[PDB]
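Structure 1 and structure 2 below are two forms of the same protein chain, each written out on its own as structure tokens.
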Structure 1
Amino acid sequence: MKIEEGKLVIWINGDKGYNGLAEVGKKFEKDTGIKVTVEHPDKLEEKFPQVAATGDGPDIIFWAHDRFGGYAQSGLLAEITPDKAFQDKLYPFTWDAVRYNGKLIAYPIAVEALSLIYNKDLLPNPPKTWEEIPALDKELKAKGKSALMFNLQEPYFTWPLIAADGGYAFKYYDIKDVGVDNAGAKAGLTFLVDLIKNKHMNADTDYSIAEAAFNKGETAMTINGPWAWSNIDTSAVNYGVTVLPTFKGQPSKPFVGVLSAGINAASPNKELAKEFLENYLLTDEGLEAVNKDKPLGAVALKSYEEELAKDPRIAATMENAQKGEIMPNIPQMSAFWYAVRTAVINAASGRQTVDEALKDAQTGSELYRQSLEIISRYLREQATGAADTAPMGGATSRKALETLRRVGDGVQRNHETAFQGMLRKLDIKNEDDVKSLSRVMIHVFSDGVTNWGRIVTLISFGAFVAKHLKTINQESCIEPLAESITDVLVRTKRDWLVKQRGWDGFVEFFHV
């Protein structure tokens, strides 16, 4: 296996207290003789699933809890085994954040929420509403200052505004219901794009540009998390931390993250990782080391949270958190963030209109579930000979299914001999063999030009396999088969599918 035994490699994001974490690691090495290496690679949240899937990577990965369902579903995280007495040292709602499919899949460290951070010497009374920002910027611009700069390249930072007047990710979790292009989301993003059109913000502003501007005293406000506070202390800007402005009378709703530590499932060092996490990091002295480097927010460790909760910055953090929501941890969170990131960037730049951007995001976010509904229904009715009587809950699903029935009948008829021969060559007998189908379908499906004819052929093969599985009394393998096909299709063809307008495109192409 790629990972080395008898040491710990930790990955953590570069905005967090990695030097303090390394200090904890030195203490661990002094007591145990085991060397701890902390790294902060770029795009670690994308890198981790690529390397961990091959049995490589770090022993411990730190990130907000939202990405970890995905990791867990993919087999990349060890289940953790804190005993009762350890469990009781952290807040139950922090453990709830790192529960997937009933199992604990990470240790919670700290609760993060975005707040409004403001320069008390420029703006002694910060605005309660978004709507008053344009006027305030006009006033500040007369003195060579701006009202507000924040990172527009990561949707995390814009989401509180998008969500304020009723935007939402997944309904509280009903995965069918995405609220990315409803009228509330549209309103929020239109307000953001108007700020930009009226020269109150610049589309190119990123994390670094906003942080420098605030920390040099050029802009009166930023939006950021507790990790930013250290660098402002150093700058000698006199700052406060407050509740985010309202929009159309409603609170900004930040997406709340629980910084968490997961154990790589390929690690031969799981017991050392546990010892590090429970007996060195999640203690008063351990969290203090990290916190002194870059503040964590409101920590999951009750003993130390009682001291931090007296800080008015932490109170503000908790106030904003209470108005927002805990992020979901479902495997499609990754696709939701990619889709919303693109939408914000394209709306802010003018590359798409607000309505066009958010339509594309809504299609990207729901792609996996929508594809699965269609493909699973088709596979099961082909296998059994009868359709599923439940409603879709679904206009696109229903028409796409109708289309697939019409087109797929022809394909399965014409390809029957070839499909017979391919199935005989692959010998799919049970759930273990459906696992092996993925590698073959990626190769055969991907190494080929993409068009809807080829997608129908893939799904038609699926249906033909489903009928065989039913005949051999393996009907319980049909759902996993459908999941596997949907996985190959959407992992490899996502961008083409979105550009083709998803399943509405399919329906239009074969209309005919």
Structure 2
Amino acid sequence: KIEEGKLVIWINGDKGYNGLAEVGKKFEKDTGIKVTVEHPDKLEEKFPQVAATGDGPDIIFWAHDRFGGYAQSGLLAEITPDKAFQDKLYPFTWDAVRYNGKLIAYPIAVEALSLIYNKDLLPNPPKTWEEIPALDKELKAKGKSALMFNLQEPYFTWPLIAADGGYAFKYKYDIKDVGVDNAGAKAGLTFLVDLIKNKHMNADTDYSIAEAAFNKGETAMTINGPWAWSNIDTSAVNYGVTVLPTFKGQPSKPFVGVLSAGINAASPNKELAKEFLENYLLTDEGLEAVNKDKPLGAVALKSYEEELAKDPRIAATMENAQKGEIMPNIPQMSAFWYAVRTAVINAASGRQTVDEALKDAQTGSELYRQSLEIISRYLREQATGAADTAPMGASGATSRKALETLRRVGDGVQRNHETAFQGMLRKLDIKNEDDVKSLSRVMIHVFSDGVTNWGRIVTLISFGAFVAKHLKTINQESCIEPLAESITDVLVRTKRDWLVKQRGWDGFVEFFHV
């Protein structure tokens, strides 16, 4: 579907997209190739849906956290710049776009949130979150407020949640160990909800409202990234960019992003995109053009980062970055974020308590790994006749009981529905690893095309088991794990909210309990 002889680029609407379009023009000048820059809404959700069908842009810009998902689904070209080009960027930026040992995007700029304050209202900004309520009472007596920032996107609230011990995935990354509902995270989120309760903040505040309030001098502080600074310059607010406040004596820990540019695997213009990015964008003049539209942060390109490093707003961005953590790029980042977005919104609005919101968030963040664990073990033990000896790990009680439940219910389905299982198995002609990939697409669609309950879920998994037995029979045992990942993937993507609403696999256990 993608058109040859041209470049289509997607980038978020808070970045310097007119600036990018000028770098575009310059590429056209030399090559005769038109460059179109677009900034559609929800482009990070839209890219994977459209790229899957071989559609979408040639180039997508986003922070690096999303790109492992994209690579895992096969949606990105492996980029292989030569050593001379690699040496022009900071190795840590290349690290942020490395997935399964392969480079999967070009890094552009490092982004962290800072505290932005209005110096005419607050000559000295607060060192602690704890002093903010009193500061707010003080500012409200003069018709102003202390702080406003986007409470609709968990990226802005995370530095506080993480300050006293909240984490996504532990310290490689242990995907088994999630810290979304530990006491640290509870305390950070509770402090936020109290802010709202006591009228220091409003749960409906979003990007635009916080931006408008700060940029007209109604609120003394916001929380935002470098991209925001241009609009504040335009507004004549006398602002500073500084270190985020501490919570319970500990630094606020923002999740640091590396703005990154990946090339669509379905693109017929890969040499053009590589040439654009390496030799027009990632140059002193290319990045300047973008930075002057909307500041990029600390750019990946060493030569231009040296000029920008002198700016104290960059120094403050790097100081907040140093106290935070580089985002993981693992495929589960998307589910983590979706879960935490929901938890913050619901806690803030009062729809759930902090305990309920973060419990649900934890379940959602663990859902993939846990489902895979159960599903994978079932298919393998069914195929070989023997259980996996290794420990279940964290949430092991749930996993173990789900597996025992599934053994009872799934064996019953296979036994009672042998005929049809044999029938559809026999129809499909599973002989190789290629034919197994085919199978998924069918299961993918047969599952998705129907209602939602545990019987249909058991049925999907049991058929998986039935196929697994076959695959061992014909010495294709290597294909069982990919079958399990595939089944798990349809299950947790299409059924996420229903699964969370059931208390995940504890609900499966209860529903089929004798």
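We call the rigid core whatever largest set of C-alpha positions still superposes within 1.5 Å between the two forms. Numbering for residues begins at 1 and runs along the sequence of structure 1.
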Identity of the moved residue from 442, 122, 265, 318, C-alpha shift 2 angstroms or more, core fit between structures 1 and 2: 442
Core-fitted comparison between structures 1 and 2 - CA shift at residue 309, Å: 0.6
Cα shift between structures 1 and 2 at residue 430, which is computed once both forms share a superposed rigid core (Å): 2.4
After superposing on the core, C-alpha shift for residue 507 between structures 1 and 2 in angstrom: 1.1
